[PDB]
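These notes concern the structure reproduced below.
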Amino acid sequence: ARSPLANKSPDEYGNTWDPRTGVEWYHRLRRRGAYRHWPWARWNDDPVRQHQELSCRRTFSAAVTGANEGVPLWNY
Amino acid sequence: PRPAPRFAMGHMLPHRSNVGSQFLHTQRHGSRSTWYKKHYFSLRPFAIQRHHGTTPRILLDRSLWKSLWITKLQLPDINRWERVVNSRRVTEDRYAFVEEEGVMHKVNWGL
Amino acid sequence: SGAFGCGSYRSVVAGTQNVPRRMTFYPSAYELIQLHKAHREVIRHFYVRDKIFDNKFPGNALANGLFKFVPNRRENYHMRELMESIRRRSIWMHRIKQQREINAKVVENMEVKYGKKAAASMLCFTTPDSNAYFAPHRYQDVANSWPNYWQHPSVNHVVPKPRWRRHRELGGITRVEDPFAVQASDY
Amino acid sequence: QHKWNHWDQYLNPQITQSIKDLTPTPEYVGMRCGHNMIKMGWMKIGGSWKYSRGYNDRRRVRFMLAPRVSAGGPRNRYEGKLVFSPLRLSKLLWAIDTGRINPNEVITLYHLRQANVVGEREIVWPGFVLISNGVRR
Amino acid sequence: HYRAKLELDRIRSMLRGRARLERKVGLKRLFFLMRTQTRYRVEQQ
Amino acid sequence: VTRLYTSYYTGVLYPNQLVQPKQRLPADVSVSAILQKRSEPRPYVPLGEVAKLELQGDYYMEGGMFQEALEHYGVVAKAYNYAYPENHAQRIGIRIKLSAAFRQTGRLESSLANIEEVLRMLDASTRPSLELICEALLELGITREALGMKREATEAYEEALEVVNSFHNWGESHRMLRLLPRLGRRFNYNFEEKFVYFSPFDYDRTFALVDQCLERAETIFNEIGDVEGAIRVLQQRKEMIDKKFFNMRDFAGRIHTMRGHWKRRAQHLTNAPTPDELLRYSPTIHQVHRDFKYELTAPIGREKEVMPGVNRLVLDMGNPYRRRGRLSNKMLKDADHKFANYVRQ
Amino acid sequence: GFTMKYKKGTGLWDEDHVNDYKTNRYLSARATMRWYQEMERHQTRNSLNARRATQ
Amino acid sequence: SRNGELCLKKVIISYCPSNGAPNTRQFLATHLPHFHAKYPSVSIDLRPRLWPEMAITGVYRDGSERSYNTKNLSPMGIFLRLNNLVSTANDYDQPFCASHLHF
Amino acid sequence: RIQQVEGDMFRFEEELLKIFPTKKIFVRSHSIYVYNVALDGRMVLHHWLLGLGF
Amino acid sequence: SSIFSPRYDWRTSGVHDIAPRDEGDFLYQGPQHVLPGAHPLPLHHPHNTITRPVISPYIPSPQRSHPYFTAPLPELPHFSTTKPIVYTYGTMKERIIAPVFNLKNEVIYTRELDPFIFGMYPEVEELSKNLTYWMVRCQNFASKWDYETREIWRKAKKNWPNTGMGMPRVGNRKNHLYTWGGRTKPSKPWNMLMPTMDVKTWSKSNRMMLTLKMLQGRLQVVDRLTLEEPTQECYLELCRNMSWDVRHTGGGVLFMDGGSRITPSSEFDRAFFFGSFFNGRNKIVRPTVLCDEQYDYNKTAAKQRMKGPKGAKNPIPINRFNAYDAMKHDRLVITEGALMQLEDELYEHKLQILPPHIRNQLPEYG
Amino acid sequence: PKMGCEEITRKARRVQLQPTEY
Amino acid sequence: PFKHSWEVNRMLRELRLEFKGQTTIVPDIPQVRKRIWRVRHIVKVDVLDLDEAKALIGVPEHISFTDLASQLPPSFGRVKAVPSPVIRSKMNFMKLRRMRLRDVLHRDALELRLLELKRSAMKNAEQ
RNA sequence: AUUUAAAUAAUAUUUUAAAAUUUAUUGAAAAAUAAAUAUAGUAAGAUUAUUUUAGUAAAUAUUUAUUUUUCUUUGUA
């Protein structure tokens, strides 16, 4: 119905400020015709690194090859 | 090239149900589906055959084809019995079965 | 019009150059079949146009000399059905005769450039499996093409050999001596 | 009692003795035996008709929100519209290499029809288009 | 619909007059009797 | 809903649970007889507990500790030995197992002697279990091959296969299992009722035994260096397996979902002729004896063998048109005469 | 109307391209005769009529 | 089966040798001999007739008749009804109740 | 639907098992059915048959 | 009743009289006792080789692929097939050679059958399509007529006004409810279907029926079907000499008359065909397994005074060869003329079937 | 429609083969 | 459980309890406790430390439960939790199919080996 | 015009009922007679065959589909 409890896990009942009600919200939980593959952006895609490891193995001398390693990608 | 409808093979003329087809041939209005069935408890007549559909190859005298049970015509002699033997019409003597020595004996039906 | 191998009238008006085409050796097998069943057909037409009454029952015996076709229909059948069919068979014959003219030339050129053996084996159509369609007893150990696959000599061992014997007193009947297997009836 | 199924008569044709063995494809169940009743299953004959209302009514027998386009209509035939039945170069080449047709002789629509590479139901005026589908040479 | 006419018809000899005579009445009596005893046997006795 | 089967659940009743009989050696044949063809070229015992003791025994054996299986089998063998009469099947069975236990421990002559007792017992039996003779001489085979005689071992295995080929019915195990796929009326769910399968290595132990027999045999041949032997034996093993597979065959019934003819299972589960016994007993080879004293119709020359009766008048052929008017009976007048000269003598 | 007259006598024998819906599985000895006579009577009467008509 | 003697005496099997409905003939071929070898005491009598009653029938030692209808019943079923005939004395049918458990 | 197969059809089925382990398969005298397999499946099948020497 | 219903198992007594018949009945002796009729397979017709005799060299067996001569035997003249032989899809892949019988019943020369015709291995679904086609086609459709509500002849008026009565609500009682009435959707020939057959299926199914006859050893090849006189008893003479059984009750004969090897005819041999009318079980058919393409000139409704059925207006004529009559008559007798006609009319058919890489070798192979 | 019927003994109308849709 | 809301029923389901009277054994890890906490007005609970449990069934002390679990077959009844009854269907299906392929691959292995012996035999005999 | 399938056949569609309408005859200073298949989920009433084998736009029903990861659990399309 229009009940606050629609399409929510019982843990998430607590949040009133975002009701999940509505038809298409029901259609993207049970994943139905438009939404058959839902979230169109999920984890396991990154637009940034394309899932490849940024490092420089291209060091001039092959001696020092791992010289730049664990240069942090963010604060961690 | 759709196979011939199997229900229409003629072996079957049910009595006009809810479900059916345009090509299913059911029986006439007001005529029952099994001929000996005049009531629901009505028995299968014993040695009396009713030839139906095709013309019969051998037609006994005591049976029915395009006919009614006319008794003077159907069994001319009552003391006699009719049967098909070696592809001919043949007439034996009607016997009755009677328990005698603990076995069952054949005796002349008439007398 | 077209329908011979040359070209239609509208290709002559056009002025396309088809004249020195490359010749290749075409066995024309498909058209031989079509020819066969065209010729088979012309004769049919000739037969049915010429049907005349022979009536085996006395009432219908008053018509016994006549053609079965009313003359006006008989003639029409001769124009439309029949002698068109002859034109069809005719066209097939043309298309085949043409290519024998060509195949002769191909065979000559190849025979010169190679020599009789090489050429002959080049123009042979034999596929490795051709035995399966033609003389199957030579294809047997290759693969099993039988509809009954259990009687083929490779899988043959599966079917049982019964021990059997005739019986006089049972009327010359042959009868199998093998003891039956006791069956599972219950649970 | 066992009726001979299709596997048994294949194995041993000796036991196909009568017309009653000749039963059709096993995927024929029988005649339609019941009522397919909307929103309730397949009901049974002489069952409950309580749930047949929609059924009985079905048994007796928006585009104005969308504008018109092109007073003829979008794909519309008219007399003398050229709609060609497609003929794929793939099909033609295959016919040549398979041996339906002569590479030696100029190919008309006639030769295509005689060799059966195109059935009659495909032929309509104007006759045919030649497309190149997946044929790079 | 199947009211089990054919089996219960054989029992009708256990009823007194009006039901034992006329087939329909007897069948109603027997259908009622058996259904009642079934219900009792499962949920009560 | 879905079942967790958390509480106790009574199993289902299903056709594979049929009680299958033990195929037997025919009455007249003797095992020592075929072995000479080979050399040519009741008192109360608490059987529940001793059985318990025995099963614990081959749990020990299967688990790889053989001495204990030996002790256990020892007890059980003493018990059965006391409980059953001479040469009874259960006796020879358990001392087969005892032989196997000895062999594994390193008491070799013990195993040998015991397995010979098994054999000369089997010979002296009425109609031994066909599985038991097989198991027995597989054992004798292994023990022989551990002793260091490879030729003889090979011979034992080969004679297992040459028993099972003549005296064993290949198609019997699956007679009831064959058509079971036809049961399931659901397609898009519960459709493993259509694909139901039962491994021949289970529903009959005989084929599994002879199979492992020939496997062992072929190994031995590969060690001796004998090629023709290895090929003979492998081919035999194959032919055995597909004898077995061929009897499981059938064509699909209705594929897609069928709603409710539930009384049709009466057709699907029956005694269906096994492909084996459909080819074996086909009515042209094994004929139906058909006697005419019980029948009303014979062939032409045999016509007086028909079931007799009191005074008979042959009236006519039964021609149905004799019921119509005079002109119809004017035809068919000469019919009967002509039909009497057809059948004379 | 249009019955396909052009197929009428066309067949190899007399009995075909004849619409016949009145028949049985088993045709007796004389029902068969009646059938063979029916057929050639059908052909004969139709041909003879068309002769009489146009003459 | 009381104190060593089967209560069943005759079994009456009627069948037609040539006509149709094979089930009984099949039975006579495969399943009957096993029954005969297992219960020797019982006299089995076969009644060939043109129109066979498709019932199997037993006869007991108190002169009690019992029958089972076999019409288009598979041979396995027939064998089973036989083994039902042997296993009953045909003396009584009481219900199975608490009151009736001790006879 | 695989039709023109002629021989022991079941051995055919049993290779067809290894090609499509997951799908559902049925045999009938004339033909072999493979369910839930589209044109892709037809492509594999034709590769296997071409490469098998047919 | 049905096996499941409690009605089954009624008649717990009385079905037999307990007393044997003192004539026919007997006790079961033991396992060594041969019972009349008893067989391990579910045979509906338990015919042995005495009751329904077979003519072929061998009694059909699982060991023999087919019951005829596999290679031409040195003591008889051997005639090869009229047209050369190609092995197509469903064909036996083996040599099939059948002996030819004279009319004095001794064997004369041996003749080879064509595996595309007599070798097409039978499978039941096709034979089904054939058989049901036949049994539906062969009804009398003119007798399927019935009365309709508008055909009844009463007055059209409300027969009593419905207001205050306890009577039913009725007008125009010519409905189906009433004893004198007739249905809304009655039966009548023009609404009954006559099935279309496709020439492919008729060809294949017939050929499988022939092959089925051949695998049973019920096939017999003859020089000519000919009589001395047109009379019946000359025909019955013939039938007695060849041990053909034409009695109604015995397994009959199905004649394909083609004329002889040298002089094949489409037409029936007059003398034979005339005497061939005999009350017993026998039939004479045309020598073709093909059929004309079937057509419909009302495929919609168009011609309304059509009596007819709906369907093919061109049903297969009755004297043709089919599954029904091949099943009902056991011995199938074919004249060599008919062999030749079959082979010839089927030839280009069987050729058009072959895969193209085979077809190309056809002219090269002759 | 019954033999003795006065209804069908006097002929009323006879229904044709009804025409089908476009 | 039909007396209670659907949340409490999803919990009772994850505790693997269908009806009244059923009994289960579950681990003590935090998730399980989160479940038992919500159904605690239905369920009654009892605790065993793994020593007490190793005693309750005679289990030699030196044998942990990790290896006991590593031994027993995954094929044990109602093997998995799968998402819908169709998937369950085809899981059982696949199980059977694996059997067929086991025996088929057995036969085919045989034919391969035999083909090898015949090839080496023909090659060594001709040569 | 870069670019994959295919079993070419249609003819059928519950059942009983108004007050009505319409056409054509007869009669009297609208009635009767004769012809039709008008319409009736808020007028209605009937609709023929037990022993069963998966649940409750959105829902339900029919046929059919996906082995998408964690301690267990799950009908999603």
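Numbering starts fresh at 1 for the residues of each chain in the structure tokens, the chains themselves are lettered A, B, ... in the order given, and ligands are numbered from 1 as they appear.
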Pick out the residues sitting within 12 Å of stretch 9-17 of chain C, and hand them over as a tab-separated table (two decimals) with N, CA and C atoms, in the first residue's frame; count only C-alpha atoms (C1' of nucleotides), and ignore anything fewer than 4 positions along from it in its own chain.
```tsv
chain	number	residue	atom	x	y	z
C	1	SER	N	13.21	-12.64	-74.46
C	1	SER	CA	13.20	-13.13	-73.07
C	1	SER	C	14.43	-13.97	-72.73
C	2	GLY	N	14.51	-14.36	-71.47
C	2	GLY	CA	15.62	-15.13	-70.93
C	2	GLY	C	15.38	-16.62	-71.09
C	3	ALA	N	15.82	-17.38	-70.09
C	3	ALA	CA	15.41	-18.78	-69.87
C	3	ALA	C	16.21	-19.77	-70.68
C	4	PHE	N	16.95	-19.28	-71.66
C	4	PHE	CA	18.09	-20.03	-72.13
C	4	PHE	C	19.24	-19.47	-71.31
C	21	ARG	N	32.62	-15.30	-71.24
C	21	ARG	CA	32.57	-15.75	-69.84
C	21	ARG	C	33.63	-16.80	-69.58
D	106	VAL	N	24.03	-16.86	-67.65
D	106	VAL	CA	23.50	-15.65	-67.06
D	106	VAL	C	22.29	-15.97	-66.22
D	107	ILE	N	22.31	-15.50	-64.98
D	107	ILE	CA	21.27	-15.85	-64.02
D	107	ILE	C	20.11	-14.85	-64.05
D	108	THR	N	18.93	-15.34	-64.42
D	108	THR	CA	17.73	-14.52	-64.41
D	108	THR	C	16.95	-14.88	-63.16
```
Which residues are close to residue L:42, i.e. within 12 Å by only C-alpha atoms (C1' of nucleotides), leaving aside same-chain residues fewer than 5 positions away? Reply as a PyMOL selection string.
chain L and resi 1-4+8-9+11-12+15+17+19-22+35-37
Chain G contacts to chain B at 12 Å (only C-alpha atoms) as a VMD selection string
chain G and resid 23 to 31
Provide as a PDB file with N, CA, C and O atoms (P, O5', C5', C4', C3', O3' and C1' of nucleotides), in the first residue's frame the residues of chain M at most 10 Å from chain L, counting only C-alpha atoms (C1' of nucleotides).
```pdb
ATOM      1  P     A M  54       1.699 -29.621  -8.731  1.00  0.00           P
ATOM      2  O5'   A M  54       1.115 -28.707  -7.579  1.00  0.00           O
ATOM      3  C5'   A M  54       1.173 -27.303  -7.715  1.00  0.00           C
ATOM      4  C4'   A M  54       1.504 -26.637  -6.412  1.00  0.00           C
ATOM      5  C3'   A M  54       1.937 -25.183  -6.548  1.00  0.00           C
ATOM      6  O3'   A M  54       1.365 -24.416  -5.500  1.00  0.00           O
ATOM      7  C1'   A M  54       3.636 -26.433  -5.459  1.00  0.00           C
ATOM      8  P     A M  65      11.707 -23.734 -19.307  1.00  0.00           P
ATOM      9  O5'   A M  65      12.383 -22.311 -19.035  1.00  0.00           O
ATOM     10  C5'   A M  65      13.073 -21.604 -20.055  1.00  0.00           C
ATOM     11  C4'   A M  65      13.642 -20.296 -19.549  1.00  0.00           C
ATOM     12  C3'   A M  65      14.692 -20.394 -18.457  1.00  0.00           C
ATOM     13  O3'   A M  65      15.983 -20.645 -18.977  1.00  0.00           O
ATOM     14  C1'   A M  65      13.093 -18.746 -17.881  1.00  0.00           C
ATOM     15  P     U M  66      17.105 -21.343 -18.066  1.00  0.00           P
ATOM     16  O5'   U M  66      17.548 -20.204 -17.044  1.00  0.00           O
ATOM     17  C5'   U M  66      18.470 -19.205 -17.442  1.00  0.00           C
ATOM     18  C4'   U M  66      18.985 -18.420 -16.264  1.00  0.00           C
ATOM     19  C3'   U M  66      19.500 -19.225 -15.082  1.00  0.00           C
ATOM     20  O3'   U M  66      20.813 -19.727 -15.279  1.00  0.00           O
ATOM     21  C1'   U M  66      18.133 -17.442 -14.313  1.00  0.00           C
ATOM     22  P     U M  67      21.043 -21.309 -15.447  1.00  0.00           P
ATOM     23  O5'   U M  67      22.364 -21.634 -14.607  1.00  0.00           O
ATOM     24  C5'   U M  67      22.801 -20.798 -13.536  1.00  0.00           C
ATOM     25  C4'   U M  67      22.054 -21.084 -12.254  1.00  0.00           C
ATOM     26  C3'   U M  67      22.688 -20.522 -10.980  1.00  0.00           C
ATOM     27  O3'   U M  67      21.656 -20.091 -10.088  1.00  0.00           O
ATOM     28  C1'   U M  67      22.464 -22.872 -10.791  1.00  0.00           C
ATOM     29  P     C M  71      29.811 -18.110   5.217  1.00  0.00           P
ATOM     30  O5'   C M  71      29.492 -17.909   6.766  1.00  0.00           O
ATOM     31  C5'   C M  71      29.800 -18.937   7.704  1.00  0.00           C
ATOM     32  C4'   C M  71      28.583 -19.433   8.458  1.00  0.00           C
ATOM     33  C3'   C M  71      27.401 -19.875   7.615  1.00  0.00           C
ATOM     34  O3'   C M  71      27.552 -21.183   7.089  1.00  0.00           O
ATOM     35  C1'   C M  71      26.638 -18.466   9.341  1.00  0.00           C
ATOM     36  P     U M  72      26.496 -21.751   6.016  1.00  0.00           P
ATOM     37  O5'   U M  72      25.299 -22.256   6.922  1.00  0.00           O
ATOM     38  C5'   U M  72      24.004 -22.349   6.375  1.00  0.00           C
ATOM     39  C4'   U M  72      22.960 -21.809   7.314  1.00  0.00           C
ATOM     40  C3'   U M  72      21.591 -21.666   6.696  1.00  0.00           C
ATOM     41  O3'   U M  72      20.922 -22.899   6.615  1.00  0.00           O
ATOM     42  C1'   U M  72      22.093 -19.719   7.919  1.00  0.00           C
ATOM     43  P     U M  73      19.840 -23.083   5.463  1.00  0.00           P
ATOM     44  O5'   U M  73      18.631 -22.200   5.995  1.00  0.00           O
ATOM     45  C5'   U M  73      17.555 -21.869   5.145  1.00  0.00           C
ATOM     46  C4'   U M  73      17.046 -20.477   5.403  1.00  0.00           C
ATOM     47  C3'   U M  73      16.347 -19.852   4.218  1.00  0.00           C
ATOM     48  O3'   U M  73      15.030 -20.327   4.071  1.00  0.00           O
ATOM     49  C1'   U M  73      17.857 -18.298   5.124  1.00  0.00           C
ATOM     50  P     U M  74      14.673 -21.211   2.788  1.00  0.00           P
ATOM     51  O5'   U M  74      14.179 -20.113   1.762  1.00  0.00           O
ATOM     52  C5'   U M  74      13.236 -19.156   2.199  1.00  0.00           C
ATOM     53  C4'   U M  74      13.278 -17.917   1.361  1.00  0.00           C
ATOM     54  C3'   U M  74      13.071 -18.108  -0.129  1.00  0.00           C
ATOM     55  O3'   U M  74      11.691 -18.204  -0.453  1.00  0.00           O
ATOM     56  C1'   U M  74      14.832 -16.552   0.307  1.00  0.00           C
ATOM     57  P     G M  75      11.140 -19.345  -1.442  1.00  0.00           P
ATOM     58  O5'   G M  75      10.599 -18.517  -2.683  1.00  0.00           O
ATOM     59  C5'   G M  75      11.472 -17.671  -3.412  1.00  0.00           C
ATOM     60  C4'   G M  75      10.700 -16.866  -4.409  1.00  0.00           C
ATOM     61  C3'   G M  75       9.494 -16.180  -3.806  1.00  0.00           C
ATOM     62  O3'   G M  75       9.842 -14.941  -3.185  1.00  0.00           O
ATOM     63  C1'   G M  75       8.810 -17.473  -5.660  1.00  0.00           C
ATOM     64  P     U M  76       9.690 -13.484  -3.863  1.00  0.00           P
ATOM     65  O5'   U M  76      10.534 -13.503  -5.209  1.00  0.00           O
ATOM     66  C5'   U M  76      10.304 -12.463  -6.146  1.00  0.00           C
ATOM     67  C4'   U M  76      11.470 -12.187  -7.055  1.00  0.00           C
ATOM     68  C3'   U M  76      11.109 -12.128  -8.530  1.00  0.00           C
ATOM     69  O3'   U M  76      10.480 -10.923  -8.928  1.00  0.00           O
ATOM     70  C1'   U M  76      12.961 -13.530  -8.278  1.00  0.00           C
TER      71        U M  76
END
```
Measuring between only C-alpha atoms, which one of D:42, D:10, D:4, D:94 shows the shortest distance to chain C?
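For chain C, the nearest of the given residues is D:10.
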Please measure the separation of atom CA of residue C:134 and atom CA of residue J:120, giving the value in Å to one decimal.
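Calculated distance between atom CA of residue C:134 and atom CA of residue J:120 is 15.8 Å.
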For residue F:9, work out the shell of residues within 12 Å, counting only C-alpha atoms (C1' of nucleotides) and skipping chain neighbours fewer than 4 positions away, then give it as an NGL selection string.
(:F and (3-5)) or (:L and (22 or 77))
What separation in Å, quoted to one decimal, exists between atom CA of residue B:44 and atom CA of residue B:84?
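Computing the Euclidean distance for atom CA of residue B:44 and atom CA of residue B:84 yields 20.4 Å.
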So that I can see what lies close to residue D:105, please list as an MDAnalysis selection string the residues with an atom at most 10 Å from it, counting only C-alpha atoms (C1' of nucleotides) and leaving out residues fewer than 5 positions away in the same chain.
(chainID C and resid 3:7 18 21 23 95 98:99) or (chainID D and resid 111)
Using only C-alpha atoms and a distance of at most 10 Å, pull out the residues of chain I that contact chain L, as a PDB file with N, CA and C atoms, in the first residue's frame.
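That gives us iface.pdb:
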```
ATOM      1  N   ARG I  11      23.998 -42.409 -28.442  1.00  0.00           N
ATOM      2  CA  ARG I  11      25.404 -42.046 -28.313  1.00  0.00           C
ATOM      3  C   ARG I  11      25.532 -40.575 -28.688  1.00  0.00           C
ATOM      4  N   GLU I  14      24.588 -38.563 -25.941  1.00  0.00           N
ATOM      5  CA  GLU I  14      25.546 -38.617 -24.856  1.00  0.00           C
ATOM      6  C   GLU I  14      26.792 -37.795 -25.130  1.00  0.00           C
ATOM      7  N   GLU I  15      27.036 -37.438 -26.387  1.00  0.00           N
ATOM      8  CA  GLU I  15      28.025 -36.390 -26.662  1.00  0.00           C
ATOM      9  C   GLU I  15      27.390 -35.012 -26.487  1.00  0.00           C
ATOM     10  N   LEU I  17      25.385 -34.341 -24.393  1.00  0.00           N
ATOM     11  CA  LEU I  17      25.391 -34.067 -22.964  1.00  0.00           C
ATOM     12  C   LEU I  17      26.611 -33.260 -22.568  1.00  0.00           C
ATOM     13  N   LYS I  18      27.766 -33.635 -23.100  1.00  0.00           N
ATOM     14  CA  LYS I  18      28.999 -32.943 -22.765  1.00  0.00           C
ATOM     15  C   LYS I  18      29.037 -31.544 -23.380  1.00  0.00           C
ATOM     16  N   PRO I  21      25.887 -29.322 -20.845  1.00  0.00           N
ATOM     17  CA  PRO I  21      25.726 -30.096 -19.613  1.00  0.00           C
ATOM     18  C   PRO I  21      24.500 -29.664 -18.848  1.00  0.00           C
ATOM     19  N   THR I  22      24.221 -28.368 -18.903  1.00  0.00           N
ATOM     20  CA  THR I  22      23.140 -27.770 -18.134  1.00  0.00           C
ATOM     21  C   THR I  22      21.739 -27.979 -18.729  1.00  0.00           C
ATOM     22  N   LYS I  23      21.614 -28.019 -20.055  1.00  0.00           N
ATOM     23  CA  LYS I  23      20.287 -28.002 -20.689  1.00  0.00           C
ATOM     24  C   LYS I  23      19.524 -29.329 -20.600  1.00  0.00           C
ATOM     25  N   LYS I  24      18.258 -29.324 -21.022  1.00  0.00           N
ATOM     26  CA  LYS I  24      17.412 -30.520 -20.952  1.00  0.00           C
ATOM     27  C   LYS I  24      17.342 -31.197 -22.315  1.00  0.00           C
TER      28      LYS I  24
END
```
